[PDB]
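Visitor: following this: a sequence and the matching experimental structure.
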Amino acid sequence: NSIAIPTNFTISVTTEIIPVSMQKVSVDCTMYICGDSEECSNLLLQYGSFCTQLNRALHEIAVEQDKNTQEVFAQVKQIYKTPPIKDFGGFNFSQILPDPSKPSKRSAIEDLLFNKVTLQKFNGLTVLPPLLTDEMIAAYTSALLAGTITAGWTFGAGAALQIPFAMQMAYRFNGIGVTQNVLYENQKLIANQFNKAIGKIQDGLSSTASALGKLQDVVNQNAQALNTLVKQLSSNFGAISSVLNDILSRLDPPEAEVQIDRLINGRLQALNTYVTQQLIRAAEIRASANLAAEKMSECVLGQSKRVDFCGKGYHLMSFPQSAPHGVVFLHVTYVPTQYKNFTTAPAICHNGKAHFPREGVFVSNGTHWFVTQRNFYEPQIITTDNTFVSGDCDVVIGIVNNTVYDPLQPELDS
Amino acid sequence: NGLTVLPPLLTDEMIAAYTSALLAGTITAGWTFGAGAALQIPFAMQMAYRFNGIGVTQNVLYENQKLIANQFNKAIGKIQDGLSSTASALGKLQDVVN
Amino acid sequence: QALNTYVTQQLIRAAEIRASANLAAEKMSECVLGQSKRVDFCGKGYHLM
Amino acid sequence: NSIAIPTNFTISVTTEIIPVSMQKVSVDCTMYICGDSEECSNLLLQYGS
Amino acid sequence: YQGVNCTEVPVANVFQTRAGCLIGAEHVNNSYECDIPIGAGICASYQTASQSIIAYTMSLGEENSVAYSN
Ligand SMILES: *[C@@H]1O[C@H](CO)[C@@H](O[C@@H]2O[C@H](CO)[C@@H](O[C@@H]3O[C@H](CO[C@H]4O[C@H](CO)[C@@H](O)[C@H](O)[C@@H]4O)[C@@H](O)[C@H](O[C@H]4O[C@H](CO)[C@@H](O)[C@H](O)[C@@H]4O)[C@@H]3O)[C@H](O)[C@H]2NC(C)=O)[C@H](O)[C@H]1NC(C)=O
Ligand SMILES: *[C@@H]1O[C@H](CO)[C@@H](O[C@@H]2O[C@H](CO)[C@@H](O[C@@H]3O[C@H](CO)[C@@H](O)[C@H](O)[C@@H]3O)[C@H](O)[C@H]2NC(C)=O)[C@H](O)[C@H]1NC(C)=O
Ligand SMILES: *[C@@H]1O[C@H](CO)[C@@H](O[C@@H]2O[C@H](CO)[C@@H](O)[C@H](O)[C@H]2NC(C)=O)[C@H](O)[C@H]1NC(C)=O
Ligand SMILES: *[C@@H]1O[C@H](CO)[C@@H](O[C@@H]2O[C@H](CO)[C@@H](O)[C@H](O)[C@H]2NC(C)=O)[C@H](O)[C@H]1NC(C)=O
Ligand SMILES: *[C@@H]1O[C@H](CO)[C@@H](O[C@@H]2O[C@H](CO)[C@@H](O)[C@H](O)[C@H]2NC(C)=O)[C@H](O)[C@H]1NC(C)=O
Ligand SMILES: *[C@@H]1O[C@H](CO)[C@@H](O)[C@H](O)[C@H]1NC(C)=O
Ligand SMILES: *[C@@H]1O[C@H](CO)[C@@H](O)[C@H](O)[C@H]1NC(C)=O
Ligand SMILES: *[C@@H]1O[C@H](CO)[C@@H](O)[C@H](O)[C@H]1NC(C)=O
Ligand SMILES: *[C@@H]1O[C@H](CO)[C@@H](O)[C@H](O)[C@H]1NC(C)=O
């Protein structure tokens, strides 16, 4: 017959990391298999069109990488600029917005993230640069962040005017079922907690260098695959030697061709295995990129009601940050604290009628009965305006004797 | 010779314990699952809250509680009987094993 | 060659199983611990628990 | 100008099954390919990794 | 020619970019949208005068200046 209602809350900010893109690789099959040997090329010509398929697959992967990046980032039509004012109602955004003085237009957190992953094989193997440079990605992220902060709910509506931040916070508080007056009465404390959480995140990022394991894994896997492909050249696969010139200068054509065929078969198998594994990994990366784009759309541009989709707790807002081959999200949530026990009831039994609250629960400390919201303690005197009348005092199980008051009569008779 | 099967890290007893803990938490704490709380919210209150969640007033549940409980128990019993009768319900996992 | 074929098939099956496990985790989080309003995501009809 | 409004309802319970995990398998390549024969292992040594 | 500098390309209208050296393109220092991607933020298009290449740096969009009132 009891219930606990929070009398305090806190603001928490958490981090999320999602890989997006992958390194682009182009491989020349002929140079890898039968490099600088025209006779080896003539022998390989008997195998038809094996190399073209691998080249086409690698080209498709390379195109898909840029498509993934474009899908994730390029979502805003225009470019907003950093507001020259810093009157955000006490909230601090200096550590996230770009520094006008720095040569590169990153922020402190972005600089730390980029520095956190600072840690030949050209034989026919080449790496192509991405279509979008890091500066363009940072510009897109800054434009998104500035536009969101400045506009609020009028972001993608062309002509707009700066909506005050406190109104956006009040709207978000209304989103989770808390009356807006709480923010207007605890603005300073909320801002202080938010700033402290941001500082704690910055300190944690600056302390440990093992927080970007998700991207480090992708980088290491690609590097190891390329290392294995390179190291495969030294094998002989049962032939006389691993050098074409040795076979040419040591054996007669009729069996030198056999040795060359053996080497060709081995190298073709290695190339095929590498290409297939790259295809599978690219599919996984594409799935991750789709998830990242969905999260961007559903979290940065609006408030989400899905449970545990934006971190633990009731979602308020989130901010994006760039990263090497990935993104970083900073989710800001709401966590109630300091629960206190109370005694409750399902209904109030008046003179023959039953009363149910419009929105809230019936609570009492032993003598007085109040109606209050569910995620914050704020009692009010029970009134005929707060309730809703239906039925009698017979069917409800656990109904409680009390009195419902009306302020209309004291004004009517005065 | 070369083929070997390694055991899972979590034994099924631990999985059952995790499931039971989740069920008990969601059946006792109600909407205060995760925070301090540590008190039992009445079940009918959670039912009324979720009834309101789909645009139905709470009086409906508070007046039909007995019928609602009977229907829920009957549905649970029917599911148990159906599981005990038909042997071709877990094909989704049977296919993976096969 | 037989070993290579088996390994590739196992890798593809592992990818499918991982996708299914992600779906299961999402369903647990959005249905056991809260009420879902997505239509037909948590049963046929209005969802309760 | 006609509408239909229900005057009664029912409570239904359904079932949903989702696979989560596969079976872990480990394979020894040398034993499978060239088991117990050292000549076969010596020949396999030239094939790489 | 990808990944090489044209100080040695005549062996096998010039302009050196971050993706190689481009032959037959007219360099401009304006900014437009991308019609044909090249790499490293460089994009090419056909606009007239005869219809010739123009090689330009990519543009991310148009600026929006929202006024500032609290
Ligand atoms: C909330 O918002 C307020 C503004 O409304 C910020 O207030 C100022 O913020 C700036 C930038 O964070 C602070 O400047 C930094 O101060 C550091 C410490 O300063 C003390 O120690 C130095 C010794 O070197 C003294 O010279 C100085 O007078 C202070 O006594 C410096 O170490 C920083 O230098 C580093 O950053 C700058 C870029 O800002 C680089 O150019 C430098 O090379 C160096 O890398 C920097 O100068 C400033 O002190 C704050 N003032 C006040 C009154 O608060 C809050 O910082 C902000 N809080 C959060 C959490 O965001
Ligand atoms: C909505 O529909 C259901 C099912 O059609 C209705 O349930 C039925 O309710 C009536 C009275 O509420 C039950 O009659 C009673 O039956 C018991 C046991 O037989 C008997 O002891 C009583 O004297 C009385 O006759 C009826 O049995 C029950 N149906 C079933 C299958 O059990 C329900 O009433 C409907 N709701 C409304 C608001 O009409
Ligand atoms: C929640 O608890 C905190 C304690 O950390 C309260 O913060 C105190 O607030 C009062 C007035 O608002 C100040 O005089 C104290 O100095 C604060 N204490 C600390 C440690 O900062 C906060 O007020 C509580 N929330 C509510 C709504 O009362
Ligand atoms: C307090 O509860 C008692 C139940 O014991 C109510 O008493 C009944 O009241 C009705 C009309 O209000 C009478 O017809 C019954 O005869 C009463 N029964 C008894 C045993 O006294 C009482 O009305 C309730 N008071 C309030 C303010 O709700
Ligand atoms: C393309 O490669 C050639 C290789 O010789 C570069 O020529 C020299 O490059 C180094 C640094 O890469 C400079 O310090 C030298 O001054 C260059 N030589 C001369 C004579 O200037 C050439 O610079 C490269 N192209 C670009 C755009 O970097
Ligand atoms: C608070 O109420 C709970 C019942 O919900 C009870 O178990 C506990 O002892 C109470 N604590 C105090 C300090 O009254
Ligand atoms: C219960 O709370 C109300 C409102 O704060 C107060 O008037 C009343 O005295 C309290 N009862 C007790 C027993 O403290
Ligand atoms: C709590 O349980 C007691 C008996 O254990 C019962 O009398 C009481 O009515 C219950 N509480 C409510 C609110 O019904
Ligand atoms: C482009 O660069 C040239 C030389 O660097 C300069 O003369 C010209 O004015 C520039 N174009 C524009 C539009 O400024």
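Guide: Cool, got the structure. Numbers count the residues shown, from 1 in each chain, chains lettered A, B, ... in the order given. Ligands and ions are numbered 1, 2, ... in the order given.

Visitor: could you list every residue that touches the closest residue to ligand 8 within chain E?
Guide: Of all residues in chain E, the one sitting closest to ligand 8 is residue E:70 (50.1 Å; CB to the nearest ligand atom). Bear in mind the C-beta positions are built from the backbone N, C-alpha and C, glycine included. Residue E:70 makes contact with A:85, A:87, A:162, A:164, according to CB atoms under 8 Å, 6 or more residues apart in numbering or on different chains.

Visitor: nearest to residue A:340 among the residues you listed?
Guide: When those are ranked by distance to residue A:340 (CB to CB), residue A:164 comes first, at 33.7 Å.

Visitor: measure that closest one to chain B for me?
Guide: Relative to chain B, residue A:164 is positioned 32 Å away (criterion: CB to the nearest CB, to the nearest Å).

Visitor: list of residues touching stretch A:137-146?
Guide: Contacts with stretch A:137-146, where a contact means CB under 8 Å, 6+ apart, come from A:69, A:73-76, A:78-83, A:96-98, A:104-106, A:110, A:300, A:319-322, E:60-61.

Visitor: my bad, should have said stretch A:282-298
Guide: A:16, A:18-22, A:61, A:64-65, A:68-69, A:71-72, A:75, A:218, A:304, A:306, A:309, A:320, A:326-327, A:329, C:15, C:19.

Visitor: quick check: the residue in chain A sticking out farthest from the centre vs ligand 6, distance?
Guide: For chain A, the residue at maximal distance from the C-alpha centroid (CA atoms, centre = their mean) is residue A:252, at 62.6 Å. With the distance defined as CB to the nearest ligand atom, to the nearest Å, residue A:252 ends up 95 Å from ligand 6.

Visitor: now that residue: how far from residue A:259?
Guide: When CB to CB, to the nearest Å is applied, the distance between residue A:252 and residue A:259 equals 11 Å.

Visitor: please apply the same query to residue A:275.
Guide: Residue A:275 is 25 Å from residue A:259, by CB to CB.

Visitor: now do residue E:54
Guide: In this structure, residue E:54 and residue A:259 are 53 Å apart, going by CB to CB.

Visitor: more neighbours: which of those two?
Guide: When residue E:54 is set against residue A:259 and neighbours are counted by other CB atoms under 10 Å in any protein chain shown, the residue ahead is residue A:259, at 21 against 17.

Visitor: helix or strand right after the helix or strand hosting that one?
Guide: Residue A:259 belongs to helix A:253-295 when elements are defined using DSSP states H and E. Tracing the chain C-terminally past helix A:253-295 and defining elements by DSSP H and E, one meets strand A:314-323 next.

Visitor: for that next one, packing partners?
Guide: Strand A:314-323 sits against helix A:108-115, helix A:134-151, helix A:165-175, strand A:326-345, with contacts defined as 3 or more CB pairs under 8 Å, 6 or more residues apart in numbering or on different chains; DSSP states H and E.

Visitor: can you say which of these is packed in most?
Guide: Neighbour counts (mean count of other CB atoms under 10 Å in any protein chain shown) averaged over each of these peak at helix A:134-151, with a mean of 21.

Visitor: that one to helix A:108-115, inter-axis angle?
Guide: 150 degrees (axes from the mean of the first three to the mean of the last three CA atoms, to 10 degrees).

Visitor: with just CA atoms, put helix A:134-151 into CSV.
Guide: Included here for helix A:134-151 are C-alpha records, laid out as CSV according to Å, rounded to 0.1, in the frame of the first residue of the first chain:
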residue,chain,number,x,y,z
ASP,A,134,38.3,15.8,-42.3
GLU,A,135,37.8,19.6,-42.5
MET,A,136,34.5,19.1,-44.5
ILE,A,137,33.3,16.5,-41.9
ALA,A,138,34.1,18.9,-39.1
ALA,A,139,32.3,21.7,-40.9
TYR,A,140,29.2,19.5,-41.4
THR,A,141,29.2,18.6,-37.7
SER,A,142,29.7,22.2,-36.5
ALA,A,143,26.9,23.3,-38.9
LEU,A,144,24.5,20.7,-37.5
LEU,A,145,25.3,21.5,-33.9
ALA,A,146,25.1,25.3,-34.3
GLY,A,147,21.8,25.0,-36.3
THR,A,148,20.3,22.8,-33.7
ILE,A,149,21.3,24.9,-30.7
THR,A,150,20.3,28.2,-32.3
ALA,A,151,17.0,27.1,-33.9
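
Visitor: for chain E, which residue gets nearest to ligand 5?
Guide: In chain E, the residue found nearest to ligand 5 is residue E:5; the distance is 2.8 Å by CB to the nearest ligand atom.

Visitor: for that residue, helix, strand, or coil?
Guide: Per DSSP: H, G, I helix; E, B strand; the rest coil, the local secondary structure of residue E:5 is coil.

Visitor: phi and psi next, for it.
Guide: Backbone dihedrals for residue E:5, given as degrees, to the nearest 10, come out at phi -100, psi 140.

Visitor: how about the one 10 residues further on?
Guide: As for residue E:15, its main-chain torsions (degrees, to the nearest 10) stand at phi -160, psi 130.

Visitor: bridged to it, which residues?
Guide: Listed beta-bridge partners, residue E:15: residue E:22 (assigned using DSSP bridges).

Visitor: close enough to count as contact, it and residue E:29?
Guide: No: taking CB atoms under 8 Å as the definition, residue E:15 is not a contact partner of residue E:29, at 11.9 Å.

Visitor: many thanks, I have nothing further to ask.
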